[PDB]
Amino acid sequence: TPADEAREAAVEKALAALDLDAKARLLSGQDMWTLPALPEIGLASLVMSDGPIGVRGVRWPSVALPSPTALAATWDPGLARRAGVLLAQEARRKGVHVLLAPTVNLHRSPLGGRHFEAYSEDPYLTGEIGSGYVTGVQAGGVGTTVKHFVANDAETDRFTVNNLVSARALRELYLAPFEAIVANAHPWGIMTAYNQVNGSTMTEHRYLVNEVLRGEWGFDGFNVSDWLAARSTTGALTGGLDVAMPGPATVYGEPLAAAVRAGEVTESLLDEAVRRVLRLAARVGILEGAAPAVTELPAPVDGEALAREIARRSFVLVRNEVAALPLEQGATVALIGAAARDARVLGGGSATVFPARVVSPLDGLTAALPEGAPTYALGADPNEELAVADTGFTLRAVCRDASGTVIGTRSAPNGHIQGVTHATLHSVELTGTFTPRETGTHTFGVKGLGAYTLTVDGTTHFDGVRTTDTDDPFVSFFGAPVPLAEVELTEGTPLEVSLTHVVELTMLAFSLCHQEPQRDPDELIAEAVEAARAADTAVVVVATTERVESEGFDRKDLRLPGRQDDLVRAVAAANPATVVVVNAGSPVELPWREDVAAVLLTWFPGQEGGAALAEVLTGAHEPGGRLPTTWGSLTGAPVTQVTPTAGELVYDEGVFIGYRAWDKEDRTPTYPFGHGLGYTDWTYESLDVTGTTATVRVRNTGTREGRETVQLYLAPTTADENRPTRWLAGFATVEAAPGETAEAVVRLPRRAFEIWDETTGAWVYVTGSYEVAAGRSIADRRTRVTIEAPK
């Protein structure tokens, strides 16, 4: 803390200069993304933006990386550090100061909405990756808000739900990754969640925010509310909140200025909170008078290359039978499935961005394979009932005032929408022309809320409203699009399409949606089976959509959308050498494993996914992924409750989530935590533990050079009603050529032996004999040793 002392001196001078009206103003938001500026003290407007896979800015493109679970499947916090560096470069370019990322809530249930956005079901692996990600983002002088503090491991009724979580459960599981990132990475900020934990809402939670996070862990950054989570001027200030950031009319500002002057809300409390915001201002560099934390920035990073590297390093090859992968030299390959032509690179929610261009599996494999590239056949379409209007749509974004007079025309990206306009703007048209690809009944819709008027070819097909009873307006926007009208358009012949939204009195975004005309599912699977029959290997890319996987709501089942499961079985029957490329962000049921030759989980693999998949399938590279979460059937899954009964979600499983819960119940999953295969064999030959330092020698006993994640699992020798049977206590990714041997000196944290004392309010190093085991997964433990926990 050498320059930090000088920096915190400039913060104190700035705090002293400001008056009560400016102090309360600063803590209140200005726009959807930025805070007010104060030239009286040389402070610029703090720009904040989403998020985990890419930086959006203020919608005025981004680099779309693979989903957060994909980054965690690489088991490499050095990759997460590099990922963070690129994101800081993106933020510096888009003028963003704070990145609203990473999400580190655990994978409690497989039905969780933002499951694709979290890293793992294990708090150690989550903390390690999160630590790397934050250190990397802040390495480029860009702030981070570790979201969603704490216990936001489900989306239904997230606005009000009371998540009743145990004392040990919070300390050992849900809070762990936050403590790990606070201590290791030193984050400049945090975000408090919409839900409540044991009574208090996270934004108003005095015990967890001020006493635990700040008091025990020594957090020195700012605490932003989740967008619309701030709901009390006095309740949030006293509960450790600093910034009510939903938008312009926040709970802070003039209501807070008044509460200080009139009520028993002390100006000392306001001063303590502004001090935190002004400390952030100095680190991100928006405050003149305090030098920025990172002055010399990290060397430029190639965004496309890192997106490909993270993508292939995460692909978990769970199944591979005799050797389906990699593909053989000069083999006839057939690509099947809609997800191969139109890939799903991002998951739904605020984490979405628009990349420059996306490489699809068919684009990638066409270039990778020679003359007579993959024979493509769409097997089934998962992206229905509706999808954003893009293919064949040439749209503009017209702004109108009260008199309907045009006051601007922005270029439409495709259908979504959010210049020299202001409170005068009354409505927003989204006109254009649409050339249909095939004749039939085209449906048109919208994903938005409020007043809408649709006119496909002059005729006003819709002119009504779209209200909803839900407690959260964010659930409403990213909900499935609503069909407004069916229309008969002949292919080739285009017509003038138009969708207007009237705006007046938070709510400010809509998108034109369109469904391609009817396609028989059974005939689609018939034409794909002919291609499966006409090939040495069939590659079926199966995927969950942004409508299935998204924020605001939870999934209903782990089954694949559309007739995709029925497509896989038809292809597996016609051709035995079938490779299923699962492009899903969360666990999904694989009922046809026994029939298919191979399975490869690719998550939502970012804009370069198609290039990484082409490299892996052809054998240019190896799939370097190892499950960061336990995959299995929903019936076998022991912790699935996402829905709150009587407005309460009890976490009855306690300290047992993910693999810990499967062990406690005897239920064995389809593929366990840490499972994954590459394109080479690994023989663990030596394990030496000295105190708490495990040293592992592993041999590449395969035909090709490859990577291996060494996974150390601690397990008490005695019975453990109080604890899980085994748990991850360390890991390390090593690379070696065939025959060559690599070592791994992995130190197990002191914490791996400790448990939480609810009464003392302290950690308890559990003494006794343990079994430290090195392996390829939890189920594939290769070598064991018995040690006494050191003093």
# chains A, B, ... in the order shown; residues from 1 in each chain; ligands from 1
>>> residues_around(residues="range 716-724 of chain A", least_positions_apart="5", cutoff="6 Å", atoms="only C-alpha atoms", output="ChimeraX atom specification")
/A:660,769-770
>>> select_by_dssp(residues="range 73-319 of chain A", states="alpha helix (DSSP H)", output="PyMOL selection string")
chain A and resi 73+77-93+123-138+167-169+176-185+206+233-238+254-262+267-284+303-314
>>> residues_around(residues="residue 484 in chain A", least_positions_apart="3", cutoff="8 Å", atoms="only C-alpha atoms", output="tab-separated table (two decimals) with N, CA, C and O atoms, in the first residue's frame")
chain	number	residue	atom	x	y	z
A	443	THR	N	-44.42	-16.11	-39.25
A	443	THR	CA	-44.97	-15.46	-38.06
A	443	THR	C	-44.05	-14.34	-37.64
A	443	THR	O	-42.84	-14.43	-37.82
A	444	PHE	N	-44.63	-13.27	-37.11
A	444	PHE	CA	-43.90	-12.10	-36.64
A	444	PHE	C	-44.27	-11.82	-35.21
A	444	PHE	O	-45.43	-11.96	-34.83
A	445	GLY	N	-43.28	-11.42	-34.43
A	445	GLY	CA	-43.47	-11.14	-33.02
A	445	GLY	C	-42.57	-10.06	-32.48
A	445	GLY	O	-42.02	-9.25	-33.23
A	446	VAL	N	-42.43	-10.04	-31.16
A	446	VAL	CA	-41.62	-9.07	-30.44
A	446	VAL	C	-41.17	-9.63	-29.11
A	446	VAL	O	-41.89	-10.41	-28.48
A	454	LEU	N	-47.63	-3.43	-35.32
A	454	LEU	CA	-46.97	-4.16	-36.40
A	454	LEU	C	-47.72	-4.01	-37.72
A	454	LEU	O	-48.94	-4.18	-37.73
A	461	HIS	N	-51.25	-5.60	-38.68
A	461	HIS	CA	-51.57	-6.89	-38.10
A	461	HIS	C	-51.70	-6.89	-36.59
A	461	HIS	O	-52.28	-7.82	-36.06
A	462	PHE	N	-51.12	-5.91	-35.90
A	462	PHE	CA	-51.21	-5.84	-34.45
A	462	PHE	C	-51.13	-4.38	-33.98
A	462	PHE	O	-50.43	-3.57	-34.58
>>> residues_around(residues="residue 670 in chain A", least_positions_apart="2", cutoff="12 Å", atoms="only C-alpha atoms", output="short mmCIF file (atom, residue, chain, number, x, y, z; two decimals) with N, CA, C and O atoms, in the first residue's frame")
data_model
loop_
_atom_site.label_atom_id
_atom_site.label_comp_id
_atom_site.auth_asym_id
_atom_site.auth_seq_id
_atom_site.Cartn_x
_atom_site.Cartn_y
_atom_site.Cartn_z
N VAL A 318 -16.34 -36.18 -23.37
CA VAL A 318 -16.79 -37.13 -22.35
C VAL A 318 -16.75 -38.60 -22.81
O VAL A 318 -16.36 -39.48 -22.02
N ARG A 319 -17.17 -38.88 -24.05
CA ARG A 319 -17.22 -40.23 -24.60
C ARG A 319 -16.48 -40.29 -25.93
O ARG A 319 -16.60 -39.37 -26.73
N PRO A 587 -26.01 -28.55 -17.86
CA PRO A 587 -26.21 -30.00 -18.04
C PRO A 587 -27.47 -30.33 -18.81
O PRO A 587 -28.50 -29.66 -18.65
N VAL A 588 -27.38 -31.34 -19.67
CA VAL A 588 -28.43 -31.77 -20.58
C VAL A 588 -28.43 -33.31 -20.63
O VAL A 588 -27.38 -33.93 -20.64
N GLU A 589 -29.63 -33.91 -20.66
CA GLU A 589 -29.79 -35.36 -20.65
C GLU A 589 -29.34 -35.95 -21.98
O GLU A 589 -29.74 -35.46 -23.03
N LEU A 590 -28.50 -37.00 -21.92
CA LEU A 590 -27.90 -37.67 -23.08
C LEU A 590 -28.40 -39.11 -23.08
O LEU A 590 -27.67 -40.03 -22.71
N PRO A 591 -29.68 -39.33 -23.45
CA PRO A 591 -30.22 -40.69 -23.41
C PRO A 591 -29.69 -41.65 -24.46
O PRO A 591 -29.91 -42.85 -24.33
N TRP A 592 -28.97 -41.15 -25.47
CA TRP A 592 -28.46 -41.96 -26.58
C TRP A 592 -26.94 -42.17 -26.51
O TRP A 592 -26.33 -42.46 -27.55
N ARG A 593 -26.32 -42.07 -25.31
CA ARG A 593 -24.87 -42.29 -25.19
C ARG A 593 -24.47 -43.67 -25.69
O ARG A 593 -23.48 -43.78 -26.39
N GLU A 594 -25.24 -44.70 -25.33
CA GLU A 594 -24.89 -46.06 -25.68
C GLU A 594 -24.82 -46.31 -27.18
O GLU A 594 -24.06 -47.18 -27.60
N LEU A 627 -14.86 -31.55 -17.06
CA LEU A 627 -16.09 -31.07 -16.40
C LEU A 627 -15.90 -30.21 -15.16
O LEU A 627 -15.37 -30.70 -14.18
N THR A 629 -18.51 -29.27 -13.55
CA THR A 629 -19.79 -29.56 -12.93
C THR A 629 -20.20 -31.01 -13.25
O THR A 629 -19.81 -31.54 -14.29
N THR A 630 -20.95 -31.65 -12.36
CA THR A 630 -21.40 -33.03 -12.50
C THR A 630 -22.58 -33.06 -13.47
O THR A 630 -23.55 -32.34 -13.26
N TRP A 631 -22.49 -33.89 -14.52
CA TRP A 631 -23.58 -34.01 -15.49
C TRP A 631 -24.34 -35.32 -15.24
O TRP A 631 -23.73 -36.34 -14.92
N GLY A 632 -25.66 -35.27 -15.33
CA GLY A 632 -26.51 -36.43 -15.10
C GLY A 632 -28.00 -36.11 -15.21
O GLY A 632 -28.38 -34.95 -15.34
N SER A 633 -28.85 -37.16 -15.15
CA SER A 633 -30.30 -37.05 -15.27
C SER A 633 -30.89 -36.22 -14.16
O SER A 633 -30.38 -36.21 -13.04
N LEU A 634 -32.01 -35.58 -14.45
CA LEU A 634 -32.68 -34.73 -13.48
C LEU A 634 -33.25 -35.57 -12.31
O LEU A 634 -33.23 -35.12 -11.16
N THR A 635 -33.71 -36.81 -12.59
CA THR A 635 -34.25 -37.71 -11.57
C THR A 635 -33.14 -38.20 -10.63
O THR A 635 -33.36 -38.32 -9.42
N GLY A 636 -31.97 -38.49 -11.19
CA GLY A 636 -30.81 -38.89 -10.42
C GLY A 636 -30.23 -37.74 -9.62
O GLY A 636 -29.73 -37.96 -8.52
N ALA A 637 -30.33 -36.50 -10.16
CA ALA A 637 -29.84 -35.26 -9.52
C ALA A 637 -30.43 -35.04 -8.12
O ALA A 637 -31.63 -34.80 -8.01
N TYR A 659 -21.13 -32.66 -6.68
CA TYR A 659 -20.58 -33.98 -6.39
C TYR A 659 -20.78 -34.37 -4.92
O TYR A 659 -21.16 -35.51 -4.65
N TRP A 662 -24.19 -35.90 -4.72
CA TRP A 662 -24.29 -37.20 -5.38
C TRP A 662 -23.65 -38.27 -4.50
O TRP A 662 -24.20 -39.37 -4.40
N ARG A 667 -26.14 -41.85 -5.47
CA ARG A 667 -26.48 -41.67 -6.88
C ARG A 667 -25.21 -41.40 -7.67
O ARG A 667 -24.44 -40.51 -7.30
N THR A 668 -24.94 -42.21 -8.70
CA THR A 668 -23.74 -42.00 -9.53
C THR A 668 -24.20 -41.30 -10.82
O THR A 668 -25.21 -41.69 -11.42
N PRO A 672 -18.93 -37.71 -14.14
CA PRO A 672 -18.65 -37.00 -12.88
C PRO A 672 -17.78 -35.75 -13.00
O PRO A 672 -17.08 -35.59 -14.00
N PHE A 673 -17.78 -34.91 -11.94
CA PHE A 673 -16.97 -33.69 -11.85
C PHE A 673 -15.49 -34.00 -12.11
O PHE A 673 -14.94 -34.93 -11.53
N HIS A 675 -14.35 -35.05 -15.01
CA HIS A 675 -14.20 -36.06 -16.07
C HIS A 675 -13.98 -35.37 -17.42
O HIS A 675 -14.50 -34.29 -17.68
N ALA A 779 -14.19 -39.93 -10.06
CA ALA A 779 -14.36 -41.36 -10.26
C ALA A 779 -13.10 -42.09 -10.74
O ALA A 779 -13.04 -43.32 -10.63
#
>>> residues_around(residues="range 550-553 of chain A", least_positions_apart="6", cutoff="7 Å", atoms="only C-alpha atoms", output="PyMOL selection string")
chain A and resi 113-114+155-156+347-349+474-475
>>> write_last_selection(atoms="C-alpha atoms", output="PDB file, in the first residue's frame")
ATOM      1  CA  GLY A 113     -31.112 -20.091 -15.406  1.00  0.00           C
ATOM      2  CA  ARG A 114     -27.685 -18.408 -15.308  1.00  0.00           C
ATOM      3  CA  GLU A 155     -33.676 -17.133 -11.072  1.00  0.00           C
ATOM      4  CA  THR A 156     -37.421 -17.836 -10.284  1.00  0.00           C
ATOM      5  CA  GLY A 347     -26.286 -17.583 -23.644  1.00  0.00           C
ATOM      6  CA  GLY A 348     -29.297 -15.350 -22.987  1.00  0.00           C
ATOM      7  CA  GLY A 349     -29.270 -12.464 -20.515  1.00  0.00           C
ATOM      8  CA  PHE A 474     -35.777  -7.947 -16.647  1.00  0.00           C
ATOM      9  CA  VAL A 475     -37.575 -11.387 -16.680  1.00  0.00           C
TER      10      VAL A 475
END
>>> residues_around(residues="residue 728 in chain A", least_positions_apart="5", cutoff="8 Å", atoms="only C-alpha atoms", output="tab-separated table (two decimals) with N, CA and C atoms, in the first residue's frame")
chain	number	residue	atom	x	y	z
A	122	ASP	N	-18.12	-26.49	-7.43
A	122	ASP	CA	-17.09	-26.55	-6.41
A	122	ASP	C	-16.61	-25.14	-6.08
A	124	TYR	N	-13.81	-24.12	-4.66
A	124	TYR	CA	-12.38	-23.95	-4.82
A	124	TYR	C	-12.09	-23.62	-6.26
A	711	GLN	N	-5.76	-33.83	-10.74
A	711	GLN	CA	-6.75	-33.44	-9.76
A	711	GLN	C	-6.53	-34.16	-8.45
A	712	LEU	N	-6.23	-33.39	-7.39
A	712	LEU	CA	-5.99	-33.93	-6.07
A	712	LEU	C	-7.24	-33.82	-5.25
A	713	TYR	N	-7.64	-34.93	-4.62
A	713	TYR	CA	-8.84	-35.04	-3.83
A	713	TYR	C	-8.54	-35.54	-2.42
A	714	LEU	N	-8.82	-34.67	-1.45
A	714	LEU	CA	-8.67	-34.95	-0.02
A	714	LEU	C	-9.92	-35.70	0.45
>>> atom_distance(atom1="CA of residue 470 in chain A", atom2="CA of residue 158 in chain A")
10.7 Å
>>> atom_distance(atom1="CA of residue 180 in chain A", atom2="CA of residue 217 in chain A")
9.5 Å
>>> decode(residues="range 596-615 of chain A", atoms="N, CA and C atoms", output="PDB file, in the first residue's frame")
ATOM      1  N   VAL A 596     -24.314 -43.675 -29.740  1.00  0.00           N
ATOM      2  CA  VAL A 596     -23.343 -42.808 -30.401  1.00  0.00           C
ATOM      3  C   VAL A 596     -21.909 -43.205 -30.068  1.00  0.00           C
ATOM      4  N   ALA A 597     -21.012 -42.992 -31.027  1.00  0.00           N
ATOM      5  CA  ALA A 597     -19.604 -43.329 -30.878  1.00  0.00           C
ATOM      6  C   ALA A 597     -18.863 -42.335 -30.000  1.00  0.00           C
ATOM      7  N   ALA A 598     -19.220 -41.041 -30.059  1.00  0.00           N
ATOM      8  CA  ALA A 598     -18.544 -40.030 -29.247  1.00  0.00           C
ATOM      9  C   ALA A 598     -19.471 -38.878 -28.886  1.00  0.00           C
ATOM     10  N   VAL A 599     -19.130 -38.172 -27.789  1.00  0.00           N
ATOM     11  CA  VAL A 599     -19.855 -37.005 -27.299  1.00  0.00           C
ATOM     12  C   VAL A 599     -18.823 -35.937 -26.911  1.00  0.00           C
ATOM     13  N   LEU A 600     -19.075 -34.699 -27.323  1.00  0.00           N
ATOM     14  CA  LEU A 600     -18.163 -33.603 -27.084  1.00  0.00           C
ATOM     15  C   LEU A 600     -18.965 -32.381 -26.661  1.00  0.00           C
ATOM     16  N   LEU A 601     -18.824 -31.969 -25.395  1.00  0.00           N
ATOM     17  CA  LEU A 601     -19.514 -30.792 -24.876  1.00  0.00           C
ATOM     18  C   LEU A 601     -18.683 -29.581 -25.284  1.00  0.00           C
ATOM     19  N   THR A 602     -19.307 -28.597 -25.938  1.00  0.00           N
ATOM     20  CA  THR A 602     -18.629 -27.392 -26.407  1.00  0.00           C
ATOM     21  C   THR A 602     -19.151 -26.107 -25.759  1.00  0.00           C
ATOM     22  N   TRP A 603     -20.170 -26.197 -24.861  1.00  0.00           N
ATOM     23  CA  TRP A 603     -20.718 -25.041 -24.141  1.00  0.00           C
ATOM     24  C   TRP A 603     -21.309 -24.010 -25.170  1.00  0.00           C
ATOM     25  N   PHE A 604     -21.202 -22.678 -24.942  1.00  0.00           N
ATOM     26  CA  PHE A 604     -21.578 -21.653 -25.924  1.00  0.00           C
ATOM     27  C   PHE A 604     -20.182 -21.118 -26.324  1.00  0.00           C
ATOM     28  N   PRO A 605     -19.580 -21.682 -27.397  1.00  0.00           N
ATOM     29  CA  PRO A 605     -18.149 -21.467 -27.651  1.00  0.00           C
ATOM     30  C   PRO A 605     -17.645 -20.162 -28.298  1.00  0.00           C
ATOM     31  N   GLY A 606     -18.396 -19.076 -28.174  1.00  0.00           N
ATOM     32  CA  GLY A 606     -17.946 -17.772 -28.659  1.00  0.00           C
ATOM     33  C   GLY A 606     -17.812 -17.645 -30.162  1.00  0.00           C
ATOM     34  N   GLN A 607     -17.477 -16.442 -30.638  1.00  0.00           N
ATOM     35  CA  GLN A 607     -17.391 -16.157 -32.075  1.00  0.00           C
ATOM     36  C   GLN A 607     -16.410 -17.037 -32.852  1.00  0.00           C
ATOM     37  N   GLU A 608     -15.429 -17.652 -32.177  1.00  0.00           N
ATOM     38  CA  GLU A 608     -14.461 -18.518 -32.856  1.00  0.00           C
ATOM     39  C   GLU A 608     -14.708 -20.019 -32.596  1.00  0.00           C
ATOM     40  N   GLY A 609     -15.878 -20.368 -32.089  1.00  0.00           N
ATOM     41  CA  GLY A 609     -16.216 -21.741 -31.772  1.00  0.00           C
ATOM     42  C   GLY A 609     -16.118 -22.697 -32.931  1.00  0.00           C
ATOM     43  N   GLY A 610     -16.614 -22.288 -34.100  1.00  0.00           N
ATOM     44  CA  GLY A 610     -16.578 -23.114 -35.306  1.00  0.00           C
ATOM     45  C   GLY A 610     -15.179 -23.458 -35.781  1.00  0.00           C
ATOM     46  N   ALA A 611     -14.215 -22.539 -35.568  1.00  0.00           N
ATOM     47  CA  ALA A 611     -12.819 -22.726 -35.934  1.00  0.00           C
ATOM     48  C   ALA A 611     -12.130 -23.664 -34.941  1.00  0.00           C
ATOM     49  N   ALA A 612     -12.429 -23.520 -33.637  1.00  0.00           N
ATOM     50  CA  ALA A 612     -11.876 -24.386 -32.585  1.00  0.00           C
ATOM     51  C   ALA A 612     -12.425 -25.826 -32.718  1.00  0.00           C
ATOM     52  N   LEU A 613     -13.720 -25.953 -33.036  1.00  0.00           N
ATOM     53  CA  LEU A 613     -14.356 -27.246 -33.216  1.00  0.00           C
ATOM     54  C   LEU A 613     -13.797 -27.928 -34.447  1.00  0.00           C
ATOM     55  N   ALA A 614     -13.593 -27.180 -35.549  1.00  0.00           N
ATOM     56  CA  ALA A 614     -13.017 -27.769 -36.756  1.00  0.00           C
ATOM     57  C   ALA A 614     -11.586 -28.295 -36.475  1.00  0.00           C
ATOM     58  N   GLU A 615     -10.780 -27.508 -35.736  1.00  0.00           N
ATOM     59  CA  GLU A 615      -9.435 -27.911 -35.352  1.00  0.00           C
ATOM     60  C   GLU A 615      -9.465 -29.198 -34.516  1.00  0.00           C
TER      61      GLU A 615
END
